[PDB]
Amino acid sequence: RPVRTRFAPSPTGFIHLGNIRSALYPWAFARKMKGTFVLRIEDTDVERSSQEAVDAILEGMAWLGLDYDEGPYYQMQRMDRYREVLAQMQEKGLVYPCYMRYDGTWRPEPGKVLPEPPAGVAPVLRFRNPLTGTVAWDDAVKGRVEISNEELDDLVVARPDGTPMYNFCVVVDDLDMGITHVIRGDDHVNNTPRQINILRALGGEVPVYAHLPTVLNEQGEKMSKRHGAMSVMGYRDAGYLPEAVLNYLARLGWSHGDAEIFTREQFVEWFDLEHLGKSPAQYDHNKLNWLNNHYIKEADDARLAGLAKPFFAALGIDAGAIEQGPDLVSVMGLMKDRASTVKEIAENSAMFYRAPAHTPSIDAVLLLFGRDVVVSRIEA
Ligand SMILES: N[C@@H](CCC(=O)O)C(=O)O
Ligand SMILES: [Cl-]
Ligand code: NA
């Protein structure tokens, strides 16, 4: 059956390379298998979610060409659906009210006597998790994982006001959206057994899970905002081209023999879960810089010119001063070859737009400065 993957970010306000890699891989797996890639926004923690955060996710995804086939589906807009499933579960006895790990004191069982519910209390609803046996899956990354159901408990699926809880919302979404493959950070591995049990109890087919190892920073710690990570659009703002960041990130957790340089289309054609790395990958800004230099040489000069404009401003060089100065498109072609970033292009090129206080072939340089400008500057 056709593949259906998803990217289901919680919008907490900051996205680094590690985060957007968890979009890249399910996108690539869907495109490789001619399947569907779904976008879901996990906003049920209203305290730690915002519209700004959502637009930044959409902007980073678009910058990297991670187009999605369905969505964005917002969990906070699916509360009627979640409530409907909870009512069905209660009718079928798959969830029960609790009126106080949890020890199942309020779990109904044939033969067991339950107390009368305390008159003053709105119960929480809990899922009837299996008490015997084990929950196991063949993780595409981690291999066979197996957990005793005795170690799990009867998950709260709804608060006393009836609001559904996070893990339950995930399962309903994965069911409703027909998800076949769940590729996500291994920081979610512990939620997997409880999700599997609910999904199965609801009648679904359990997807294939692939839990990605952490991404490390250059200090060998987990890449994170607190550890000084740059944001995805921070890379753009520092002069990195999207095609470079895409090629770099693809290889930060996945391999295909010796290959290091490849297009998006070739990545899609090659991508496979079997060659996801099984241990953490480590960021290396020198490697990213090499690739960015490579792609800068390859980039169209008029494109580079437009990307360069905000870096010239940062150097006290103005739109008007550029139009009046040497042709920027020609300047880009002449100066880009040594640059690791678009910012460096602009810095190396500022000499064409600054009053004189390092140069390519004298003749090309003179041609781009007008006749009038070269003539006068000599005489003095
Ligand atoms: N919302 C989670 C992903 C959950 C999932 O993929 O099941 C995150 O942002 O890390
Ligand atoms: Cl760490
Ligand atoms: Na000009």
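Computation of the quantities below employed the complete heavy-atom set of this structure, encompassing side-chain atoms and omitting hydrogens, waters and symmetry-equivalent molecules. Residues: numbered from 1 along the sequence shown.
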**Prompt:** Partners of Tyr74 by side-chain hydrogen bond (donor to acceptor under 3.5 Å, both in side chains), sequence neighbours excluded?
**Reply:** none
**Prompt:** More than 12 non-hydrogen atoms from neighbouring residues, nucleotides or ligands closer than 6.0 Å to CD on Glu205, yes or no?
**Reply:** no
**Message:** Test of understanding: with side-chain hydrogen bond (donor to acceptor under 3.5 Å, both in side chains), list the residues that count as partners of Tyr25, not counting sequence neighbours.
**Reply:** none
**Request:** Could you pull out all residues at least two apart from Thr163 that satisfy side-chain hydrogen bond (donor to acceptor under 3.5 Å, both in side chains)?
**Result:** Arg159, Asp161
**Request:** Tell me yes or no: between the side chains of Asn191 and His188, is some donor less than 3.5 Å from an acceptor?
**Result:** no
**Asked** Okay, side chain of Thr5, backbone of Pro26: is any donor-acceptor separation there less than 3.5 Å?
**Response** yes
**Counterpart residues, ring-ring contact (aromatic ring centres under 6.0 Å, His included), relative to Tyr82 (two or more places apart)** = none
**Heavy-atom pair with the smallest gap, counting every atom of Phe311 and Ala238** = CZ-C, 3.9 Å
**Asked** Does the side chain of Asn167 reach to within under 4.5 Å of the side chain of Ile198, using non-hydrogen atoms?
**Response** no
**Single-linkage hydrophobic cluster, 4.5 Å side-chain cutoff, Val208 and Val171 together** = no
**Contacts of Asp237 that satisfy side-chain hydrogen bond (donor to acceptor under 3.5 Å, both in side chains) - sequence neighbours left out** = none
**Prompt:** For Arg184 and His211, does a side-chain donor sit closer than 3.5 Å to a side-chain acceptor?
**Reply:** yes
**Item:** Residue pairs involving residues 240-255 (criterion salt bridge (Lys or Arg N to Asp or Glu O under 4.0 Å); sequence neighbours excluded)
**Value:** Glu243-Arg303, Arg251-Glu260
**Message:** Listing request: all salt bridge (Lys or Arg N to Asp or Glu O under 4.0 Å) pairs with a residue in residues 7-28, at least two apart in sequence or in separate chains.
**Reply:** none
**Request:** Answer whether the closest heavy-atom distance between the side chains of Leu24 and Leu64 falls below 4.5 Å.
**Result:** no
**Message:** Could you check whether any side-chain heavy atom of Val145 comes within less than 4.5 Å of a side-chain heavy atom of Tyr209, counting everything from C-beta outward?
**Reply:** no
**Request:** Could you list the residues that satisfy ring-ring contact (aromatic ring centres under 6.0 Å, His included) with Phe168, not counting sequence neighbours?
**Result:** none
**Asked** For residues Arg200 and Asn197, is any side-chain donor paired with an opposing acceptor at under 3.5 Å?
**Response** yes
**Request:** May I ask you to decide whether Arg78 forms a salt bridge with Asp176, counting only side-chain N to carboxylate O separations under 4.0 Å?
**Result:** yes
**Complete:** Sorted by chain and residue number, the ring-ring contact (aromatic ring centres under 6.0 Å, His included) partners of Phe7 (sequence neighbours excluded) come out as none
**Item:** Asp318 (side chain) donor-acceptor with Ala321 (main chain) under 3.5 angstrom
**Value:** yes
**Asked** Distance from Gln75 atom CD to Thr44 atom OG1, nearest 0.5 Å?
**Response** 5.5 Å
**Asked** Do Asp174 and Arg40 touch side chain to side chain, with heavy atoms closer than 4.5 Å?
**Response** yes
**Prompt:** Between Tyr73 and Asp173, is any side-chain donor less than 3.5 angstrom from a side-chain acceptor?
**Reply:** no
**Request:** Classify the ring geometry between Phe369 and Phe352 as parallel (under 30°), tilted (30 to 60°) or perpendicular (over 60°).
**Result:** tilted
**Prompt:** Which pairs pass salt bridge (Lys or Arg N to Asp or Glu O under 4.0 Å) with one or both residues in residues 102-113, sequence neighbours excluded?
**Reply:** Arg107-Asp154
**Neighbour count above 12 (heavy atom, 6.0 Å) for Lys32 NZ** = yes
**Item:** Note, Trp137 side chain near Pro193 side chain (heavy atom, < 4.5 Å)
**Value:** yes
**Asked** If you take all heavy atoms of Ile41 and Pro72, which pair is closest and at what distance?
**Response** CG1-CB, 4.2 Å
**Prompt:** Quick one: are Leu114 and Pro108 in side-chain contact, heavy atoms under 4.5 Å?
**Reply:** yes
**Item:** Sequence-distant partners of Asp139, salt bridge (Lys or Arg N to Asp or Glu O under 4.0 Å), two or more places apart
**Value:** none
**Request:** Using ring-ring contact (aromatic ring centres under 6.0 Å, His included) as the criterion, list what pairs up with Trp63, not counting sequence neighbours.
**Result:** none
**Prompt:** Is there side-chain contact between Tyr166 and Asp45, with at least one heavy-atom pair below 4.5 Å?
**Reply:** no
**Side-chain heavy-atom pair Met335, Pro360 within 4.5 angstrom cut-off** = yes
